[PDB]
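K.L.:
So I've got this experimental structure, pasted below with the sequence.
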Amino acid sequence: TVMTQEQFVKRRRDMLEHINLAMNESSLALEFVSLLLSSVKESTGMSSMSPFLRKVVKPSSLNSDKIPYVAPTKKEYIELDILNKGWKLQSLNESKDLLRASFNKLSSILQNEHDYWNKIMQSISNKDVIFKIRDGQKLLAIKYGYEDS
Amino acid sequence: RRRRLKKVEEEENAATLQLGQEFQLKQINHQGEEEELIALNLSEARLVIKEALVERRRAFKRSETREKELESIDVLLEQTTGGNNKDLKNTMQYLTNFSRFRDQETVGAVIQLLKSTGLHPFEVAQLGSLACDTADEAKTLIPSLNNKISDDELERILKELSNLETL
Amino acid sequence: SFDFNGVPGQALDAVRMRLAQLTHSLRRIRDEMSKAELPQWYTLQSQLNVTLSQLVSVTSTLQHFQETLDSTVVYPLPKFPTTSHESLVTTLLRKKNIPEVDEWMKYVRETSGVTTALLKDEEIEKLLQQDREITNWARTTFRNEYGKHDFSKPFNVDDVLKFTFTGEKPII
Amino acid sequence: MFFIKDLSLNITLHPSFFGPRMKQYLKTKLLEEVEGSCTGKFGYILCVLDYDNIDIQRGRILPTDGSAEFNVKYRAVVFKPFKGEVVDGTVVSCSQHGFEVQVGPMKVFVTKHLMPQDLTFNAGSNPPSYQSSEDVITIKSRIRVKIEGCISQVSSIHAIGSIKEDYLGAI
Amino acid sequence: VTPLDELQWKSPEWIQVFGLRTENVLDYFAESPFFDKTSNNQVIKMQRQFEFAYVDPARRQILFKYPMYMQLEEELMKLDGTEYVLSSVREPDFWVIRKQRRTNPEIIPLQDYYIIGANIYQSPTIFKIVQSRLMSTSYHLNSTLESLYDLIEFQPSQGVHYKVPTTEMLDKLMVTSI
Amino acid sequence: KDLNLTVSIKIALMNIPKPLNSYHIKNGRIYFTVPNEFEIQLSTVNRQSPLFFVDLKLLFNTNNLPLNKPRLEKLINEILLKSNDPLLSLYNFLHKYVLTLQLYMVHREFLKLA
Amino acid sequence: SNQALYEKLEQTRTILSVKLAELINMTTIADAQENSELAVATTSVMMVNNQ
């Protein structure tokens, strides 16, 4: 396949926006758990706060109380189990597609490399001299000069 | 300044917090002021020395599992430190094997968790170094903890640190 | 008066630590990739792997402390400004997640091939039981297939030179 | 025990190193006999921290030697052992007198009188080890040892280890 | 369908007719679906329509501050079952109502319901809050990781890398010219 | 066109040197040119502020020579306002620079002669 | 150099020998333990994005 500059920058921007949303959700989760921490401790939770949040709301402003211990029902057990089976199946299908695409890429690359090596053998005799060289990639350079002859 | 012999002093004992006149809590830095004595736990020492080595590598250029980390720090030592590195290499493999915490986030948050104790830097460095599992075990391993920390606070700190240690 | 005894002590600050590590690593990803030039691929792969390990540590900590966290409900306090900053608190205790994750979750639900709306619950129970038996058979097939296979000096230079300079024969 | 300390060293530069970039020869010469050097006053010096700025002031020519004397002040990470401290390590050698455990950059010897009596030497084992009813002390084995006596010379530090206390021994 | 925790309930029609103050939160919460229609609170409400131990000081301030709640709890101690009391108040607009069963006395608390801006909310437990946040975080990192993988290109001559998308003497000239 | 009038009346209060009396007030600029050497075009924003760099075209034949656009723009804008009269200092510095890379090209020809 | 290839091939082989097997193995349903949707989601992302 072929991929372009505009496609590259589009993919970069969309993964950037997705990871922005990721850190936003994680940061609100952390900031919530530290806000609830500051009610009882006030020492360690204040470190992970935001200065704007401390400006707009004072700590120790949340509270929790214990509802009694409850045994979860079997209906949501089988709901979670069937959702687990669906998630596993979808992950397996995604893995299959990933492995097939990577195999196709690897097979094309290996065909090119094996053609290169067969050309090297049918091209280069042991009398010739070859050494690696950098640009910084590895290239095989043959010395055809007479300076050592 | 007085020229007294002052040859009488107590022996340097970690149990009695005596670490020598050159290891007091207040240390005079090169800029002049008194500053708190810096005691590093083993993970903290490994992170600090690794940061120093990568800083020296960057200066030279401009001028995670244990197996993949040992080779990386070894080639870093080879490309960074010259001769007489046998002691440094022994120290780096020692800090790799005895690494309670891997990344900087764990070590720094362990420091701010131990700063809530308000205890001596040496004993909290020992707590970050030694992997004690019970409060009385830490008390008999570190005699400075006797009549210094509450048993329940020590228990929750140790079991917290057990939760904090990774891999 | 106000009290804070319904709050968990070690579960909550432990998950605060783990989530703080996750956020810090996400920030490291951000200032690693916000530049116009990407870093070389091994470092970013290591960052991705350590973030995945951090999140699996997060869910291990949370799932190991499953109960006594279902049992603690959160409510705000009068010290919280609930008039000029109730928009702050309504997206602070929310458990209704973003529409993308649960539309994908419902898409996952219908692609499982079996549902609840037209099947009775014990049929689902026996289907999950036989699926678990199939997992057991597959993993013991993998186990027996894995267990079927296995997983200089000819002389002394100094003595020769002592011969050539003195005449003493090399003693053997 | 590991520490970060500000140290000052008197360094003599030979007059051959009085070049246009004398400071970098002086910094390297600071490096090879401080990195890994053992001093009894400050412990085994491990690494010289903060290389970019190091306090190199004006150096005095020795009146009869001709070498320049620089009192270089620097910050370095050290490892100074003390009595009554508990350090973990690995055994690197064993004998009938005892075994030596490597702690950081330094080796600590644990004598035959400082193991519990259930531990006894077994020279027939390859490598030779100390065997007990519940555990063995072999080479390349993690062991927790408390240092109860250490001697430091002007350039060498040696310590005595013991594992007879409870919650010590192999890890 | 949306279950009981992810919904904000309000009756601004009831606010227009009656209005909400520190006294009429009980029937306003009774209009809410969170209220138990078989609770002890509503049977004693129908009957009445037709210092003190085993309480925390937070409710004691409410009882000594407002009378109608203290004869409410004085009628509530006679009966047993699930009840509804207000643990804390903040005028002009903040309330909380806790599910609570009482036995003889022994009291356990249950799910609370905090009131903000005359809007009834179910107090959520924090496990599903952080679980929903982790749903968002995990789905977002899933999308980033899938969207990143298509740019990755492997060659055998080099390492694995990214897909490549499809004068130097002038500073010396500047420094020599001055 | 009123900016062309602006830069035309700006040089009314400016004395013009003999090597740079050839100018073309056009395209919102004034084209200070020296034949077969260079042509620099400049403009200003108002009366009391000095001019600023716009472009510079080399009139010598090697053209299409690469130029480091913002370092040269930086020191041109530096020597504009800090100088007592801008045009003479700009002419002197630009003449020095063009003769400098002409000498560099001559040295390149000398080293390629070997 | 040539010694490092030995243990490199050894470690690649010993993780290929068990990784697909453990991928199949950890998809186990029980009431390891997945008592919430979070464990299900993190397993179904970690398999694809980690194995």
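P.N.:
Happy to help now that I have it. Numbering: from 1, shown residues only, chains lettered A, B, ... in the order given.
K.L.:
use CA for all of it now, contacts and neighbours both
P.N.:
Fine.
K.L.:
List the backbone torsions phi and psi for residue 134.
P.N.:
Just so you know, I chose chain A. Main-chain torsions, residue A:134, degrees, to the nearest 10: phi -120, psi 160.
K.L.:
what's the answer for the one 5 residues further on, then?
P.N.:
According to degrees, to the nearest 10, the main-chain angles of residue A:139 amount to phi -130, psi 140.
K.L.:
Residues of chain E that sit close to chain F?
P.N.:
Proximity of chain E to chain F, by C-alpha under 8 Å from any C-alpha of the partner chain, involves residues E:167, E:170, E:173, E:177.
K.L.:
any idea how far chain C is from the closest residue to chain F within chain A?
P.N.:
Relative to chain F, the nearest point of chain A is residue A:147 (22.3 Å; C-alpha to the nearest C-alpha). To chain C, residue A:147 is 37 Å away according to C-alpha to the nearest C-alpha, to the nearest Å.
K.L.:
how many neighbours does that residue have?
P.N.:
Using other C-alpha atoms under 10 Å in any protein chain shown, residue A:147 is surrounded by 6 other residues.
K.L.:
ok, now residue E:125?
P.N.:
Look at residue E:125: counted by other C-alpha under 10 Å, it has 26 neighbours.
K.L.:
Next, the buried residues of stretch E:44-57.
P.N.:
Buried positions in stretch E:44-57, judged by neighbour count with 16 or more other C-alpha atoms under 10 Å in any protein chain shown: residue E:44.
K.L.:
can you list contacts of it?
P.N.:
C:1, E:75-76, E:105-107 (C-alpha atoms under 8 Å, 6 or more residues apart in numbering or on different chains).
K.L.:
Where do the strands of chain B begin and end?
P.N.:
Per DSSP state E, chain B carries strands over the ranges B:26-28, B:34-36, B:38-39.
K.L.:
if you look at the last one, does any of it touch chain D?
P.N.:
Yes: Strand B:38-39 comes into contact with chain D when judged by C-alpha under 8 Å from any C-alpha, the residues involved being B:38-39.
K.L.:
list the contacts for the closest residue to residue C:71 other than its chain neighbours?
P.N.:
The shortest distance from residue C:71 to any non-neighbouring residue, by C-alpha to C-alpha, 6 or more residues apart in numbering or on different chains, is to residue A:67 (5.0 Å). Contacts for residue A:67 (C-alpha under 8 Å, 6+ apart) come out as C:71-73, E:109-111.
K.L.:
do that again at 10 Å, thanks
P.N.:
In this structure, residue A:67 makes contact with C:6, C:68, C:70-73, E:98-100, E:108-112, E:125, judged by C-alpha atoms under 10 Å, 6 or more residues apart in numbering or on different chains.
K.L.:
what's the answer for residue B:12, then?
P.N.:
Taking C-alpha under 10 Å, 6+ apart, one finds B:18-21, B:23, D:81-84, D:149-150 in contact with residue B:12.
K.L.:
okay if I get those residues as JSON lines plus neighbour count and distance to residue F:76?
P.N.:
Putting the contacts of residue B:12 into JSON lines (neighbours: other C-alpha atoms under 10 Å in any protein chain shown; distance: C-alpha to C-alpha, whole Å) gives the following:
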{"residue": "B:18", "neighbour count": "15", "distance to residue F:76": "68"}
{"residue": "B:19", "neighbour count": "20", "distance to residue F:76": "65"}
{"residue": "B:20", "neighbour count": "16", "distance to residue F:76": "65"}
{"residue": "B:21", "neighbour count": "9", "distance to residue F:76": "63"}
{"residue": "B:23", "neighbour count": "18", "distance to residue F:76": "60"}
{"residue": "D:81", "neighbour count": "31", "distance to residue F:76": "65"}
{"residue": "D:82", "neighbour count": "24", "distance to residue F:76": "67"}
{"residue": "D:83", "neighbour count": "21", "distance to residue F:76": "71"}
{"residue": "D:84", "neighbour count": "21", "distance to residue F:76": "72"}
{"residue": "D:149", "neighbour count": "17", "distance to residue F:76": "74"}
{"residue": "D:150", "neighbour count": "16", "distance to residue F:76": "71"}
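K.L.:
could you dump those residues to TSV with distance to residue A:81?
P.N.:
Listed next are the contacts of residue B:12 as TSV, based on distance: C-alpha to C-alpha, whole Å:
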residue	distance to residue A:81
B:18	61
B:19	60
B:20	63
B:21	65
B:23	60
D:81	57
D:82	58
D:83	59
D:84	56
D:149	62
D:150	62
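K.L.:
of these, closest to chain A?
P.N.:
With C-alpha to the nearest C-alpha as the yardstick, the closest approach to chain A among these comes from residue B:23, at 29.2 Å.
K.L.:
Now the residue in chain E positioned nearest to chain D: which helix or strand?
P.N.:
Per C-alpha to the nearest C-alpha, residue E:175 is where chain E lies closest to chain D, at 23.8 Å. Using DSSP states H and E, residue E:175 sits within helix E:170-177.
K.L.:
tell me which strands and helices that helix is in contact with?
P.N.:
Secondary-structure packing of helix E:170-177 (3 or more C-alpha pairs under 10 Å, 6 or more residues apart in numbering or on different chains; DSSP states H and E): helix F:69-82, helix F:86-113.
K.L.:
if you set the cut-off to 7 Å instead, what comes out?
P.N.:
Counting contacts by 3 or more C-alpha pairs under 7 Å, 6 or more residues apart in numbering or on different chains; DSSP states H and E, helix E:170-177 packs against no other helix or strand.
K.L.:
can you count the residues close to whichever residue of chain D sits closest to chain C?
P.N.:
Proximity of chain D to chain C (C-alpha to the nearest C-alpha) peaks at residue D:50, 24.1 Å away. Look at residue D:50: counted by other C-alpha under 10 Å, it has 14 neighbours.
K.L.:
Residue E:117 too?
P.N.:
When neighbours are counted by other C-alpha under 10 Å, residue E:117 comes out with 14.
K.L.:
of the contacts of stretch E:44-57, list those near chain A.
P.N.:
Among the contacts of stretch E:44-57, no residue lies close to chain A (C-alpha under 7 Å from any C-alpha of the partner chain).
K.L.:
Show me which pair in these is furthest apart.
P.N.:
Greatest spatial distance among the contacts of stretch E:44-57 (C-alpha to C-alpha): C:1 and E:75, at 23.3 Å.
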